[PDB]
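Trainee: opening with a subset of the complex:
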Amino acid sequence: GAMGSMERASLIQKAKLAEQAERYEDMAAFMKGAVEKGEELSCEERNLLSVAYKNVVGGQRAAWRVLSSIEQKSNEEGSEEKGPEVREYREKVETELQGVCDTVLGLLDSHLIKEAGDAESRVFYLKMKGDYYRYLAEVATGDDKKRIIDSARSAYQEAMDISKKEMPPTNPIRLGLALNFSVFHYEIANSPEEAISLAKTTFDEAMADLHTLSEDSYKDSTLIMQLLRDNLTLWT
Amino acid sequence: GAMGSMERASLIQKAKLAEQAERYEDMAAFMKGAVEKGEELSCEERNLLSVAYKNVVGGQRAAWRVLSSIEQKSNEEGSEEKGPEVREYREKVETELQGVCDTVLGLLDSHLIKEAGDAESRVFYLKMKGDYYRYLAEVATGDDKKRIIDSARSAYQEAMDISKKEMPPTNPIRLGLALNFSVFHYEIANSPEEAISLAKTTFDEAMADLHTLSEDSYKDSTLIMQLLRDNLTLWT
């Protein structure tokens, strides 16, 4: 790999510089190199990895949605024929998005998840596995769509089981996992009632645990609780 | 080139899709392929080329400025030594920025400028040559800094001479050229008085020509005149 000759600490240092410069493709490549050094990742390092790829795939997903919309319009009644270009370019962006998802999933499988033993790291990585299968599911249309969806579900479910046993209801990772699993139910699995029930129960159980928290932790938790509330207001 | 097998019209079509998706690296590669087909560019096609590379290099310049600031701070009195990483990563971004500038200048030299005979196309391309030498000048520090600066100046000057002879004072290309040449004087050539004089005279001569214009042209011209005013307010 092109990062094989750079020190682990230098890769982390440059990942932080890339974030400051909003160079998220660079940031992702640096953190991929850090992961490939083979040592487990600290809490801060895990969040550098997630920030980098979240931003990269976020831009690809937004672009895919623009192109997919143009493509759907082109196939309505009365739309003039413009050739294969829209499909081709949507396919180009889709393939690059799938490549990024495959890269993240490959890092999780080789070998982040199997070495992660603490609840905070294991839940974090399983949530990530669910997230990137969900992004694959957003663009899937063929023979493997159902297996892609079930792979996202299974990863989210394993993470949920651990988080409920090992973390308090206000833990930001637990809350973000539940938020995203709820979105999976609503957007991918055609299960809006499950999405709503999960978001409500997660919100209510966190509300009842806020009294245990410091001011700084209270801020961290209520920020994510508001996102659950935003979705409930959108969905109901 | 990787775009050699794609139709000129398809490359233009996909450049417009990439703009809609805010995929400016793709947009630039598509328009580079279109230029390399060897035919002259229409007014719309020229502006697709400029939009694409303006956005690509704009992101690189913003990132370079972030990193350069961090690097300058690292070299102040009392700053802890953190190793070569900041310089290395600034150099990495700088080299990619220079590569993009070289690519644009190469397209202008082979062979957009020499085939451009109408004032609107020739001024447009010479302004672009000035702009991308200016971006090279922003990061230049060595033996060739003075020659880089003079290359920007010479291209801007040739474009100015043509624009004054062949275009009305409200022409948006003429106005944008003068705006950018004024910025060159202020930011690159250490000539704030020249920058101010040029911006004022350009603004005043355009003001006196607005009466000749349609409502739509009046909007186009006054938009750029406001940018001249913004700079004058910042600089005085």
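Mentor: Perfect, I can see it now. Residues are numbered from 1 along each chain as shown, chains lettered A, B, ... in the order given.

Trainee: quick one: the helices in chain A?
Mentor: Applying DSSP state H to chain A gives helices spanning A:8-20, A:24-35, A:43-74, A:85-107, A:113-115, A:119-139, A:145-166, A:172-183, A:192-207, A:215-235.

Trainee: what's the angle between the fourth one and helix A:24-35?
Mentor: When axes from the mean of the first three to the mean of the last three CA atoms, to 10 degrees is applied, the directions of helix A:85-107 and helix A:24-35 differ by 30 degrees.

Trainee: can helix A:85-107 be found next to chain B?
Mentor: Yes: with CB under 8 Å from any CB of the partner chain as the criterion, chain B is reached by helix A:85-107 at A:85, A:86, A:88, A:89, A:92, A:93. To be clear about C-beta, it is placed using only N, CA and C from the backbone, and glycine gets the same treatment.

Trainee: how about the residues of chain A by chain B?
Mentor: A:10, A:13-14, A:17-18, A:20-23, A:26, A:59, A:62-63, A:66-67, A:70, A:82-83, A:85-86, A:88-89, A:92-93.

Trainee: can you say which of those are buried?
Mentor: Neighbour-count burial (16 or more other CB atoms under 10 Å in any protein chain shown) applied to these gives A:10, A:13-14, A:17-18, A:21, A:23, A:26, A:59, A:63, A:66-67, A:70, A:85-86, A:89, A:93.

Trainee: could you identify the most distant pair in the residues of helix A:85-107 next to chain B?
Mentor: Farthest apart among those by CB to CB are A:85 and A:93. That separation is 12.8 Å.

Trainee: throw chain C onto that model:
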Amino acid sequence: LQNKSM
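Mentor: The block that follows adds chain C to the chains above:
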């Protein structure tokens, strides 16, 4: 609007 995720 869009679904919120983190």
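
Trainee: quick one: residues contacting residue A:61.
Mentor: Contact analysis of residue A:61 by CB atoms under 8 Å, 6 or more residues apart in numbering or on different chains lists A:97, A:135, A:138.

Trainee: in chain A, which residue is most central in space?
Mentor: Nearest to the geometric centre of chain A sits residue A:131, at 3.6 Å (CA atoms, centre = their mean).

Trainee: of the contacts of residue A:61, which is the most crowded?
Mentor: residue A:135 (25 neighbours; other CB atoms under 10 Å in any protein chain shown).

Trainee: what's around the nearest residue to it once chain neighbours are set aside, how many residues?
Mentor: Excluding its sequence neighbours, the residue lying closest to residue A:135 (CB to CB, 6 or more residues apart in numbering or on different chains) is residue A:101, at 5.4 Å. Neighbours of residue A:101 under the rule other CB under 10 Å: 23.

Trainee: correct me if wrong: residue A:101 contacts residue A:137.
Mentor: No: using CB atoms under 8 Å, residue A:101 is not in contact with residue A:137, being 9.9 Å away.

Trainee: what residues are up against the nearest residue to residue A:70 once chain neighbours are set aside?
Mentor: In this structure, residue A:70 finds its nearest non-sequential neighbour in residue A:86, 5.6 Å apart by CB to CB, 6+ apart. Contacts for residue A:86 (CB under 8 Å, 6+ apart) come out as A:67, A:70, A:71, A:74, B:17.

Trainee: please apply the same query to residue A:105.
Mentor: A:129, A:132, A:133.

Trainee: can you slot in chain D too:
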Amino acid sequence: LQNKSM
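Mentor: Next up, chain D placed on what we already have:
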């Protein structure tokens, strides 16, 4: 602020 260019 930043210099305006176009």
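
Trainee: please look at the contacts of residue A:105 again, because chain D has been put in.
Mentor: A:129, A:132, A:133.

Trainee: return the member of the residues you listed nearest to chain C.
Mentor: residue A:132 (12.0 Å; CB to the nearest CB).

Trainee: how much space separates the spatially closest residue to residue A:10 that is not a sequence neighbour from residue A:12?
Mentor: Leaving out its chain neighbours, the residue that sits closest to residue A:10 by CB to CB, 6+ apart is residue B:85, at 5.1 Å. Distance from residue B:85 to residue A:12, counting by CB to CB, to the nearest Å: 10 Å.

Trainee: and residue A:78, by the same measure?
Mentor: 55 Å.

Trainee: the more surrounded of those two?
Mentor: residue A:12 (21 against 4).

Trainee: so what's the residue count around the nearest residue to the more buried one once chain neighbours are set aside?
Mentor: Spatial nearest neighbour of residue A:12, excluding adjacent residues (CB to CB, 6+ apart): residue A:34 at 5.7 Å. Residue A:34 has 24 neighbouring residues, counting by other CB under 10 Å.

Trainee: before we move on, what about residue A:223?
Mentor: Neighbours around residue A:223, by other CB under 10 Å: 12.

Trainee: what is the burial count for residue A:198?
Mentor: Neighbourhood size, residue A:198 [other CB under 10 Å]: 21.

Trainee: whoops, I mixed them up, residue A:234
Mentor: 12.

Trainee: residue A:227 is in contact with that one, correct?
Mentor: No: judged on CB under 8 Å, residue A:234 makes no contact with residue A:227 at a distance of 10.7 Å.
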